[PDB]
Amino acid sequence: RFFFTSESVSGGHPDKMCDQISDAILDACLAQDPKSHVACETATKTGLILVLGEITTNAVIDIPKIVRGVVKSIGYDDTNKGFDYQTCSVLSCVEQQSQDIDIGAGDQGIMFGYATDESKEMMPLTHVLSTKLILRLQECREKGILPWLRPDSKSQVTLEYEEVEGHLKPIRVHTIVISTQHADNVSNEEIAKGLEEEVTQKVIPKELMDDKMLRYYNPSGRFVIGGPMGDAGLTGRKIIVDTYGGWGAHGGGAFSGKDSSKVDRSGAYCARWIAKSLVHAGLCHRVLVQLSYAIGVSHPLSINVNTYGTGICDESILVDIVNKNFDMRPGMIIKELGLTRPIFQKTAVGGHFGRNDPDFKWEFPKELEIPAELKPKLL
């Protein structure tokens, strides 16, 4: 029995605003040219958005217009809100190419896949809640359920656990944090009310909820003026909220703004896929698959499956099962997971994993050919 903490941030967060914008460009490209190559990043500050990077593509794209559209969508239409899509400046330092006239990996790296049967989404509950908490603030903001709300927001769900010999059963949410931006025309008392009633309660399960849970509502006091004004923001800086909330591991690879040819993304996705499959097939309760690649080398340089002593068969075997049933060549990962599609913008917020959108072909498990010795496997 122990406690754990995870966090998440809203799409109004400058760091995440970048992630979004970057993947907006990518989508824009794949839309016209699926074979596009996009390795681009966004940086934003006081009154500015600077898009910088490289893109090989045939697609005729209007970058500044895409950018602005994303900022608008996020809700930044007023300078008093801290950002204005209509009046802000957009510097493009992207070097575009025409390219006009299987697949060794494009870069070397390390990538991680994680999965836990503690939740339906095969994700750490601690992370799920944290992010759901945030998606709800969006709903509230957009739908008018809480009109005083503003885009730049942040959350944190630390919760209690227990481990039944490797199986994680969560008990209760020990403490809770949420720091949102807001209009000046709202009472501190009025905020707490709305936050508890219309977000916390409506997202946190009653089973885990208590009279006994701690509450931290804008403990920094007030938060009217925010957004990218004052703070600086960059692509791929929220790498952990993008993934597993620090539960598994990370390879260091920022996902957003990178096309699927980048092993950093593909490998990370395929890794999730494997893991999600491995726990589905009842081979284990908890897994952490690690993949690794060499620049210019098509096949994976190394492979590791770390089940937390939970997995019934054993790791020498698992590592094999994976290899037999999965083609981990970047080129094929793209094909199998349909990563040439324009689905990546929506990936940029509320986490890349745990979401069962149809286009997220890595969240639907595979069916794995198993040696007959382990035909008795699990629930």
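For every residue, the number given is its place in the sequence shown, counted from 1.
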| property | result |
| --- | --- |
| Unmodelled stretch of the deposited sequence separating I101 from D102, binned as none, 1 to 3, 4 to 9 or 10 or more | 10 or more |
| Higher-scoring stretch by recorded Cα B factor average, 197 to 205 or 70 to 78 | 197 to 205 |
| Between 253 to 261 and 294 to 302 (mean CA B-factor, as deposited), the higher | 294 to 302 |
| Largest Cα B-factor, entry values, listed residues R222, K238, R150, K132 | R222 |
| Top residue by Cα temperature factor, when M111, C284, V90, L137 are compared in the entry | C284 |
| Chain thirds of CA B-factor: placement of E315 | highest |
| Entry-reported Cα temperature factor of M123, expressed as the chain third it lands in | middle |
| Chain-relative CA temperature factor third for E367 | highest |
| Relative C-alpha B-factor of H352, binned into the chain's lowest, middle or highest third | middle |
| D184 - Cα temperature factor, lowest/middle/highest third of chain | middle |
